[PDB]
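**Student:** curious how this folds, go ahead:
(chains A, B, C, D, E and F, ligands or ions: 1)
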Amino acid sequence: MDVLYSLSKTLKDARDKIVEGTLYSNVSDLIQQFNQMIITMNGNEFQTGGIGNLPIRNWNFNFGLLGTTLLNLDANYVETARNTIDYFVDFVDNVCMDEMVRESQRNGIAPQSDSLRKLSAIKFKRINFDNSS
Amino acid sequence: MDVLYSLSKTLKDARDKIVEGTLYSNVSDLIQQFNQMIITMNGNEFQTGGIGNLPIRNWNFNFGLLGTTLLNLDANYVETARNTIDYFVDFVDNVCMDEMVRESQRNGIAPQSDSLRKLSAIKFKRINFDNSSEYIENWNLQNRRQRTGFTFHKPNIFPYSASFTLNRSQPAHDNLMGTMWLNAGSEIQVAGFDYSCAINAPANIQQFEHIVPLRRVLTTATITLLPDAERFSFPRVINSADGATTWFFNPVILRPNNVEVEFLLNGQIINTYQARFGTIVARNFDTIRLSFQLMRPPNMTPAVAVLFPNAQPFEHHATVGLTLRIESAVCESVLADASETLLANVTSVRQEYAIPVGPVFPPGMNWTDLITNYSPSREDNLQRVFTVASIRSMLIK
Amino acid sequence: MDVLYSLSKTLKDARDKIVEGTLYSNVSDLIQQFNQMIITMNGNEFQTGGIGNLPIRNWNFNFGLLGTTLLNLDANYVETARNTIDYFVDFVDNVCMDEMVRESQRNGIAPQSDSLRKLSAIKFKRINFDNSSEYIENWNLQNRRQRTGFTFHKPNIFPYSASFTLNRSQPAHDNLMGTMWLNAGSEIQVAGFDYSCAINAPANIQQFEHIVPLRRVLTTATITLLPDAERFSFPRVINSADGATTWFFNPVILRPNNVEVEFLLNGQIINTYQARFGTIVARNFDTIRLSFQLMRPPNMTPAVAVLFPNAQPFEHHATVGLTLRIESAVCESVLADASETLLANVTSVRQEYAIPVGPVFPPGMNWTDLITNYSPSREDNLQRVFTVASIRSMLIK
Amino acid sequence: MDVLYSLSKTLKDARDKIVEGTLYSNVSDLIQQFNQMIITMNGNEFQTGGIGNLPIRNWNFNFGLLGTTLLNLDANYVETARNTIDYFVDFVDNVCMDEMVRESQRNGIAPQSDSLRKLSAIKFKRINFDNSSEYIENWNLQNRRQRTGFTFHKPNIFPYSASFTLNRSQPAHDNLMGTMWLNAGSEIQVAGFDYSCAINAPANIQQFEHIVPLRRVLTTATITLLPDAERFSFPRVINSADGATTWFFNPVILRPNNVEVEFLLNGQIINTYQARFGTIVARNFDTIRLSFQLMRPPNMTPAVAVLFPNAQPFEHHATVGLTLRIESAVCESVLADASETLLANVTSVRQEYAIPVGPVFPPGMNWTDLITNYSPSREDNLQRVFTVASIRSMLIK
Amino acid sequence: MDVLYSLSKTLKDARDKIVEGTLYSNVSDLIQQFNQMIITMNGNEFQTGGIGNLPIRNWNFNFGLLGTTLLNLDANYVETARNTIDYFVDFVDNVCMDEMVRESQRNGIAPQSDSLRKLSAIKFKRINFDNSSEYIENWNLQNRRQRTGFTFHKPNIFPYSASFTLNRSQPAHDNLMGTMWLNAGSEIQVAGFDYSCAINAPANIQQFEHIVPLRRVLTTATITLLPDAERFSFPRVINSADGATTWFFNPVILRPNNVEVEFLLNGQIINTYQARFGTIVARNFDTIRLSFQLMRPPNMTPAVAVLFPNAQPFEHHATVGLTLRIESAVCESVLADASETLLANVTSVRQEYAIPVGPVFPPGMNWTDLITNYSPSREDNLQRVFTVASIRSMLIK
Amino acid sequence: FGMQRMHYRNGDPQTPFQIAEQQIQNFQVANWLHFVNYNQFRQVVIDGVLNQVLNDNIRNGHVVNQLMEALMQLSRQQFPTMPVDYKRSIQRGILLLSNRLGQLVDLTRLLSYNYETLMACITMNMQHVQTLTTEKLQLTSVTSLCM
Ligand SMILES: [Zn+2]
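**Tutor:** Numbering: from 1, shown residues only, chains lettered A, B, ... in the order given. Have a look at this structure:
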């Protein structure tokens, strides 16, 4: 739950700060967060949906790290990062719709979907980012 | 356009973060941005204004870099930076007023002023900073054809309209039937009336209907529905249809029977609600269809039965009404609402400098005339001007 | 989508430029493209078809490169390349028929078939070739939000409509007044009539008007205007409004007096023409407003004066009409016209393979039902399918 | 034949690309083609003309190569190449006029002139260039037995025909029944009439039918259908069948009831449309079968009921008609249409040089006589001559 | 002028061929042209606009060359070239609108704007690229005095004209004779009438004739001829010659007897056709001479014989008409037609920027007034402006 | 890049790096030509002493990550009209330096620290003006420092 907010915070900032022509020192600490997302998420596999007419999708993460060697970001560096962000932002939509749709009566404050129960391990806790909302 | 937001973002942060006594590591990455603004902007020269009473000013940039060697910032370092920020923040005001005042009809999404066309070169692209505001994020998602969305509080989606419809009439105007409505802002108040109180209707039930089409498609609205039109509840005199004579309307009010509210999208029923008042939702719609009916009460006490005779003199007219109100919704095109002041900043610039009527916008920026004929040529201009008005609001309130 | 056009462009050029006896320097740059197609496509496997009666086929690519060492091409080099082209050109037919047959309602501009979703990876982007056709150029300009335009010859902008309007009537149907019209294809024929021939009108002049709104905004049209409706010129019997009875219409035809044609855009008069027939232009409009009036002739020979009495039996009814016709115009959305056959290729695939009615398009691809309710959800699907039909027309006529 | 197109393609490109001041890399591959034309053509000699008033000319080629050593082309390089192009472009005119004028009956697809038989050796095959035009691409696909297709705008598929048919007649000619039609170009206007207005028909309904067979099979047509024949709407006098007497026809026009249009292929119904006007499609057909019926109106106002009595004097005759029009279609054999001028180039050569009537084509190249008996021996000649006329149109308009 | 087409040709190809992922050898010769544009254009400065409401803009070129070292083009290489193309394509729009708006009377074929006079130096001649369009090829052939030709689909060769001629008349207007016609666009509908139906004519035959002269000489036309004027077939009332009184015309229609159509050139009969309807050709002509005659039918049934008495009251008037229509022809001067929109682009620029009436063109660019007096001073201006409008249509639709 | 060699006409305010910057449309090189000409000191006081300091990107070795890319970029320029003998000797001589990225990032990281530490002990102002005579540098000593 705390790591589901931390996935969405640094995908929002990745579409805002990684723009063409910007200086590298503006994004020097975001890329260290975004590379450290990817290292934690590789090799895992997930499954969302199944209730109602919500379709079943399978998720699989095998991506490469971002480069940390430019002075000003160019259009190669932006377009190779947009096709990684667009896969994560599709994953977070289907986890959030899987959780808003389920409910329990004994302890409703616990996660109910299959994907959000799996994200609550100590393996995934290093993705944690600031909690400012 | 993307570099005009990037000038205003790091002048807002320069007045906030460069304060006296602060630690240098708090501002160690802003100064690398602010020095790299200055290197790009030196040697160039600009010219703003010229239309209406907006004066012509010439701009010229020859400044020096900031120091990067202190541990805590002192009053020498602040006061030598404030007399550089105050020249840039005067430049951005006169570029934003030069762009909110101009318009085109062929391609309104392109920059129109002379200064903003010159800032769109690849020489100036290194000034680009983060794009985190709502209007500059929707400027970039919509420029790549991805789905956008603006969140509004009470959006001005209905043009002003106050009229009626008579389904049964005669020149004496003493036995009438029809509906009355007010559509204004984000609120619908419809009321149906019948002078005979369904004495000769089949099964003593009179059916009413009122259909309101929208201009743009709204998404995930929160709607309040209450079973009384409080505006059409008092005695009044109303003119005729062609302004010839006047007619009198003396209401008494029953409750609305068998209420059905439908939310249409391309003629398909998305949502429906049957005798359910209070707060309701509407996930995707562009047409609201209200339906309600009057039923004569079968049992009446002696104080009620005198009001509704069988013969012709009807002195107390029956009335059934509803009231609908949109609290908040998500649209995809820009609109006006009750929370933010982006429409008020655009009209105040045009009224102050006496700007002539151009080919696109209505005279005086009339919102009732602009949402009535809300063409795709006006949508591209209205987004381009609300976005510039949002950039100017960061620096100058 | 961009790489589906790039497969068809260099298979069209491979059948045209790789001929027997030609010099090698004529085809020295095509073979570098055609070899670099094959390297990207080997090892992959595809699957098309599955909906309706469209059969399921599996595709597998394992081919060898072409030789780059001759001076003049011989019959060995041609015949070893034709048996590679004939496998690719069979693959592109079954991907284009798989995409013209599918549709979606949320985002119709995205690819829908299984094969075209797989071709949209960055692995396949190196097959990209020049994009010089009209529909693939407007696919790319509109994808970046730039202004596009399609040029048509007699565009099907009007849905079929044939009706009338009676401004004065009685159950005997012997003293009538109103207009009749036919709107079909790209042609308007309106005709106004008056049985009394303005014997009691003020100043013996009867005013007519006919307003036609469009669905999309046309630009730079060439319009022919002629002062007679030849379709409403002969005696006929017409049913009533509710199909109850029939009424008789025996015309004689005067000339139209005081003709004014206006071309509106958001209620603003862009162009106007007053008693000017022949060819006219219309630079930007979305509403045509015809206005014309009947005037009783003040001087009449004895052969004319018997036709129009003062009393009630009117055996010869006066008639005034116009005729408008759009020759060529430039729109921004896709339409149908009289020159190209892109609508006929889409319906012929759906009719041949017995495809069920989906959520977007009308049953049977009825163009009268599709231009009547031409929603933005149908516009994104119709452009996506006309563009695929344009790619298939290069290879297979 | 393939090398006659290849001569004209690189003389068209030589006048377009070899201009003054252009960069050499723009024309670096054309000059290698143009020099390799000259090497093949030197030493040979030709002879054209001889039939009719077409004069006899002798051709002889002794030219030098072009220079391949400049960086930008100058006025010496252009003016030394224009006096070589102007001799070749005069040679191709007199070979194309020598071939459009000749014909054979055994095998018309073979070359007939003396010069084009000599160009069909393997010595001249190295002049072969790309084959990208429409007629030279269909010349090659059809020569290997693959499926071809020509796209037309309003094709002249119907021969001229204007006649009638009387299903009920007498020598007085006052109680008649039957159909009238005009088939001309790409338009059918049929109209059925009945003088008694079905007063004695069973259930007061009279059935009509009109069947039009085609000469070649059309594919993916776009057809406009309108419910009035405007040509058979006015009073006229018509001769009898054998030219003996004349008879009078005074129409009034009802609407067509129960319209069914069918599109046949070998007696099988491919498409059908029932009371559906406007634009329709037809994917594959060679026979059009129109069906429509007249119904007496059961309710009539007093102005209508005087027109149709029960007795014998019928002064107002009932009429029901249709109108069909093919906008664009795809055939497989060559035809004439309204857009391109390939038929006009063939007849203008034969009329200018006073060419005698040969064994195949009709006298004067009459298109009504040629599409009436469109034998496979005439099809092979007509494709061979339209293709040569298409090659000549690139150089000489 | 030749270098203005050469700027637009390699900006059209630069947006089409320089795409992401393409191989470098596909664009290896375009980049050598595009770099050699930039070297010629740097350091210069231009100025467009100034007439009417067309604004004044200043142009200045300081750009860098493109890289020539990649194997496949990437998104850095595309996005650094799009911000150079978008400045040139804005420059060519404002030069083409500056030239379509100006005109001269002495020598209209010379450039008139300030920018196009400056581009006609020998410094700018190295930008010259291939000249393959139709209008730029006819610009160069006609500049050397060689024979040109433009191909049209339904050319606007006839000015609008609708009138009549009475060869026999009296103030009662009850025994008349003469012809009526409509000449509009590319269509002639003439109809001759005779009220007595040749009861006193010698051999009961009345001769009619109608001669239409053209403005320019047409070549290889395809003409459709049909034996009915459908516009002059219904009863109407027509004013007199001086607008004094009105007269009545009630037609019945016979067939045209002994039809002869002649195609003249300097008074010499080029072609002739005698009772031959359908499609005909016309190889070279500038005057059309229609001839047809009315013959009283010698045998009449009793229904026909009542219509035509011997005495004076003629209630049914005889009418004989024809209909001619030019489908496609080849002229040598520029005209307007139904396929291309070059006339609509010229008038839309002049109407948008409120341009005053100059010395050459009619007010409002009226095509009926321009083809009526089509002087050689107007021909040189009209070709110079249609050619500039053709260059602008490649970049901006 | 195959461009024509330029003439300077020794007079302008524009250095040859400053002219060659808007002349080249390459991202990898013009990112480097824009740093090198607007690379100058920064005039600001501490404690009463005016001292001359530099950017952040030289205080760490981050600017050398662009000198790599730009030098590496042109190590593949096919060099038109150049003899291939002298072409291969100069394209390999650049990869003598571009392959030493991690050792030059740390060298300019040390050079900036020793300049930073020793200027704490300055008492007079660091006034900047062009000296009449000049201490002389040999670029042989720089190649000996880099390698
Ligand atoms: Zn046409």
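
**Student:** isn't residue A:48 up against residue A:118?
**Tutor:** No - using Cβ atoms under 8 Å as the test, residue A:48 is too far from residue A:118 to be in contact (10.7 Å). No exception for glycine: its C-beta is placed from N, CA and C like everyone else's.

**Student:** grab the nearest non-local neighbour of residue A:125.
**Tutor:** residue A:3 (6.5 Å; Cβ to Cβ, 6 or more residues apart in numbering or on different chains).

**Student:** give the contact list for the one you found.
**Tutor:** Shown in contact with residue A:3 (Cβ atoms under 8 Å, 6 or more residues apart in numbering or on different chains): A:119-120, A:124-125, A:127-128.

**Student:** among the residues you listed, which one lies nearest to residue A:73?
**Tutor:** residue A:127 (23.5 Å; Cβ to Cβ).

**Student:** the residue nearest to residue A:125 belongs to a strand?
**Tutor:** No - Residue A:3: not assigned to a strand; according to DSSP: H, G, I helix; E, B strand; the rest coil it is helix.

**Student:** which SS state does residue F:50 fall under?
**Tutor:** Residue F:50 ends up strand, using three-state DSSP.

**Student:** distance check, it against residue F:40.
**Tutor:** 15 Å (Cβ to Cβ, to the nearest Å).

**Student:** which one of the two has more residues nearby?
**Tutor:** Per other Cβ atoms under 10 Å in any protein chain shown, whichever of residue F:50 and residue F:40 has more neighbours is residue F:50, with 15 against 12.

**Student:** and the closest residue to that one other than its chain neighbours, what is it in contact with?
**Tutor:** Among residues not flanking residue F:50 along the chain, residue F:125 sits closest, at 4.3 Å (Cβ to Cβ, 6+ apart). For residue F:125, the contact set (Cβ under 8 Å, 6+ apart) comprises F:49-51.

**Student:** so in the chain, which helix runs the longest?
**Tutor:** If you meant another chain, say so; for now it's chain A. The longest helix of chain A (DSSP state H) is helix A:75-99.

**Student:** sorry, I should have been clearer: chain F.
**Tutor:** helix F:84-98.

**Student:** what helices and strands are in contact with that helix?
**Tutor:** Packing contacts for helix F:84-98, counted by 3 or more Cβ pairs under 8 Å, 6 or more residues apart in numbering or on different chains; DSSP states H and E, involve helix F:64-73.

**Student:** what do you get if the cut-off is 10 Å, keeping everything else the same?
**Tutor:** Helices and strands touching helix F:84-98, by 3 or more Cβ pairs under 10 Å, 6 or more residues apart in numbering or on different chains; DSSP states H and E, are helix F:64-73, helix F:140-146.

**Student:** residue in chain A nearest to chain D?
**Tutor:** residue A:75 (28.1 Å; Cβ to the nearest Cβ).

**Student:** surely that residue touches residue F:27?
**Tutor:** Yes - with contacts counted by Cβ atoms under 10 Å, residue A:75 reaches residue F:27, the gap being 8.1 Å.

**Student:** which residues are in contact with each of those two?
**Tutor:** Overlap of the contact sets of residue A:75 and residue F:27 (by Cβ atoms under 10 Å, 6 or more residues apart in numbering or on different chains) consists of A:21, E:76-77, E:79-80.

**Student:** secondary structure class for the residue nearest the centre of chain F?
**Tutor:** Geometric centre of chain F, nearest residue: residue F:36, 5.4 Å, by Cα atoms, centre = their mean. Under three-state DSSP, residue F:36 falls in the helix class.

**Student:** excluding its backbone neighbours, what's nearest residue F:8?
**Tutor:** Spatially, and ignoring its direct neighbours in sequence, residue F:8 is nearest to residue F:16 (6.3 Å; Cβ to Cβ, 6+ apart).

**Student:** what number of residues lie near residue A:127?
**Tutor:** Neighbours of residue A:127 using other Cβ under 10 Å come to 20.

**Student:** hang on, it packs against residue A:36?
**Tutor:** Yes - using Cβ under 10 Å, residue A:127 is in contact with residue A:36, at 7.4 Å.

**Student:** quick one, what contacts the closest residue to residue A:64 other than its chain neighbours?
**Tutor:** Spatial nearest neighbour of residue A:64, chain neighbours left out: residue A:38 (7.7 Å); criterion: Cβ to Cβ, 6+ apart. Residue A:38 makes contacts with A:61-66, A:84, A:88, A:127, as judged by Cβ under 10 Å, 6+ apart.

**Student:** need the helices and strands packed on helix F:84-98 in a markdown table (columns: distance to residue F:3).
**Tutor:** Shown next, in a markdown table, are the helices and strands packed on helix F:84-98 (distance: least, Cβ to Cβ, whole Å):
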| stretch | distance to residue F:3 |
| --- | --- |
| helix F:64-73 | 15 |
| helix F:140-146 | 26 |
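
**Student:** can you list the buried residues in stretch F:106-123?
**Tutor:** F:108, F:112 (16 or more other Cβ atoms under 10 Å in any protein chain shown).

**Student:** again, but for stretch A:80-92
**Tutor:** Here stretch A:80-92 shows A:81, A:84-85, A:88, A:91 as buried, counting by 16+ other Cβ under 10 Å.

**Student:** for the residues you listed, which one is nearest residue F:118?
**Tutor:** residue A:81 (41.9 Å).

**Student:** just checking, that closest one touches residue A:70?
**Tutor:** No - using Cβ under 10 Å, residue A:81 makes no contact with residue A:70, being 12.0 Å away.

**Student:** count of residues packed around the residue of chain A found nearest chain B?
**Tutor:** As assessed by Cβ to the nearest Cβ, chain B sits closest to residue A:21 within chain A, at 3.8 Å. Other residues within reach of residue A:21, judged by other Cβ under 10 Å, total 21.

**Student:** any chance you could list what contacts stretch F:132-139?
**Tutor:** So stretch F:132-139 is in contact with residue F:144, going by Cβ under 10 Å, 6+ apart.

**Student:** distance from that stretch to the middle of the chain?
**Tutor:** Between the centre of stretch F:132-139 and the centre of its host chain there is 17 Å, according to Cα atoms, centre = their mean, to the nearest Å.

**Student:** same check on stretch A:88-101?
**Tutor:** Using Cα atoms, centre = their mean, the offset of stretch A:88-101 from its chain centre is 11 Å.

**Student:** does any part of it sit near chain B?
**Tutor:** No - if you take Cβ under 10 Å from any Cβ of the partner chain as the test, stretch A:88-101 misses chain B, and the best it gets is 10.5 Å.

**Student:** ditto for stretch A:26-36
**Tutor:** Yes - if you take Cβ under 10 Å from any Cβ as the test, stretch A:26-36 does meet chain B, through A:26-30.

**Student:** after the helix or strand where residue F:103 lies comes which helix or strand?
**Tutor:** Using DSSP states H and E, residue F:103 maps to helix F:101-105. Per DSSP H and E, the first helix or strand lying C-terminal to helix F:101-105 is helix F:107-118.
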